[PDB]
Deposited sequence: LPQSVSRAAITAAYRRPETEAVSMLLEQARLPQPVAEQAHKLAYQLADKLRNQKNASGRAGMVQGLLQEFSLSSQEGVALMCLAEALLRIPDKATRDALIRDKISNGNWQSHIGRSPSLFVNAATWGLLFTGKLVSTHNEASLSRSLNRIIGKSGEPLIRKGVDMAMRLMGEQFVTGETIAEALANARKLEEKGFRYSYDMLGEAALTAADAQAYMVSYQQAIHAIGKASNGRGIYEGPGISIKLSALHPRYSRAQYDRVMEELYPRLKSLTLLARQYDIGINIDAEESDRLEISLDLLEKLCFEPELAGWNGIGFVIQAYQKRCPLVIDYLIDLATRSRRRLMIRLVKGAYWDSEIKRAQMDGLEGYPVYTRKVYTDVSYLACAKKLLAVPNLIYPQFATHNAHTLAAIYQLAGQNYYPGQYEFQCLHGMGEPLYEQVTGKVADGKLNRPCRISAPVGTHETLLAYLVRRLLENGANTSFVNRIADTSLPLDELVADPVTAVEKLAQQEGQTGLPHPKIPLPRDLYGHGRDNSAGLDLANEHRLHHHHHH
């Protein structure tokens, strides 16, 4: 392997104490920057939590819950009485006074919960809904739902769906280009049957020509085409595919190839070193989506079953946060080689990147990204005019496109993401968690754990090594 590819391989499952300790100083925000990040994060989070005065109203209730020492079901009774009294029109009057059921249930629960996350049933419908936010400075990436093709027929249908989508998105883009215009994202697992266990030779013979074909088509329309990151044991083959793609003569001088990297992997910073070298060698600017990672629960389960030396992902959420910040700095350092796209719904992460990107933002420096149904509220504070009290930073919304028949896997990942006690979007909804705790700096949090536990980067107490 090349020097950079070899380094990736060696970092695959390196001990967490080692991995985290190495990231810490790369992730640490300079005192000035950290303060500004905190203030901005606090502000974003406060505005989000207090949208319709939710907190102000809460304070009003408790202010009476004590003046009468009433229970929850008590204060409510009083409000009910007060409401009835306020409905008296005249003040004087007021004053004076089998398995199919289970299978169907899961299917329906999936669809009801999934609606919030899906932009459209078809690409035409999705694209029709774009103007509203695009006119506000938002951008879109269309995510054709459906993954892990099991059969040759399945993969072919996905291929056809991508091609049609590119034509549609490309026509809608109308030459807006890879930055301001919409793009598409693809899953390699959709393009090859049984990708999960597919061998190198067959992937190169069969998947690659499909990847190349879609990419050439995207280039014809000048839209971004992003390669999604999936399970960790497919990282290596995805890099091999990316490597080959970047050297296609027909793509020379075109910077629309995108690639996701997952900060929850120990390999992430090493993947970045490789990508930097690849952009240099292939003479392009890569569009890189930095995400934390959507498959954590499965990654942990998988590793515990394979009984290997360790995990390919961190076991404490705060370590993934630290990894993201360290990786963000690396990406921001090389604007000639990478267009960083910072996917996050986390107010601290957003504010940290905003400060790390430095003075003198220009549109092509970077963008934020979010998932439809999750990020719009946060980014409505971010994308738009400074005069309107926004940050004037672009956000690209990932917009799922598909019917109920393709929704399951995506929906499950969203449930895990939204339901996890560790998730920012879960904690922001816990009004008992103080804002300062919510937007706490991850590097400092890691150092606090280190002082308490006796060393930096210990694994989660409840997630022992697979061999234990």
query	finding
Stretches with no C-alpha atoms in the model, relative to the deposited sequence starting at 1	1-2, 100-154, 526-551
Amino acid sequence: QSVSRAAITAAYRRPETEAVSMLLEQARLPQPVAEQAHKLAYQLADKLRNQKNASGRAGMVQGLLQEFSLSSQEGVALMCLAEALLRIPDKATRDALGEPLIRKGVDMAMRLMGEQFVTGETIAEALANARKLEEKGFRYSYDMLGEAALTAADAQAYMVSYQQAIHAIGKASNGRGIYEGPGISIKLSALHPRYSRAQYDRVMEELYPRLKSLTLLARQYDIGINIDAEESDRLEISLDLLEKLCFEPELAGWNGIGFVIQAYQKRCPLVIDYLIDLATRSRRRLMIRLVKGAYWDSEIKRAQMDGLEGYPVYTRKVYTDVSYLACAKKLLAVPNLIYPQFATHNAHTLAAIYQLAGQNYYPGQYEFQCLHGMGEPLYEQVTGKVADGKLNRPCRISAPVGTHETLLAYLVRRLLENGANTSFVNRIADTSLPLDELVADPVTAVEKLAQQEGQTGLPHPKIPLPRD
From here on, numbers count along this sequence of modelled residues.
| query | finding |
| --- | --- |
| Stretch exceeding the other in mean C-alpha B-factor - 148-156, 355-363 | 148-156 |
| Greater mean Cα temperature factor according to the PDB record, 395-403 or 430-438 | 430-438 |
| C-alpha B-factor winner, where the candidates are 382, 77, 227, 261 | 77 |
| Candidate residues 176, 87, 284, 234, the one whose C-alpha B factor the record puts highest | 87 |
| CA B-factor placement of residue 204, once the chain's modelled residues are sorted into thirds | highest |
| Chain-relative CA temperature factor third for residue 91 | highest |
| Third of the chain's Cα B-factor distribution that residue 68 belongs to, per the entry | highest |
| Residue 299 - Cα temperature factor, lowest/middle/highest third of chain | lowest |
| Within-chain third of residue 373 by Cα B-factor, per the entry | middle |
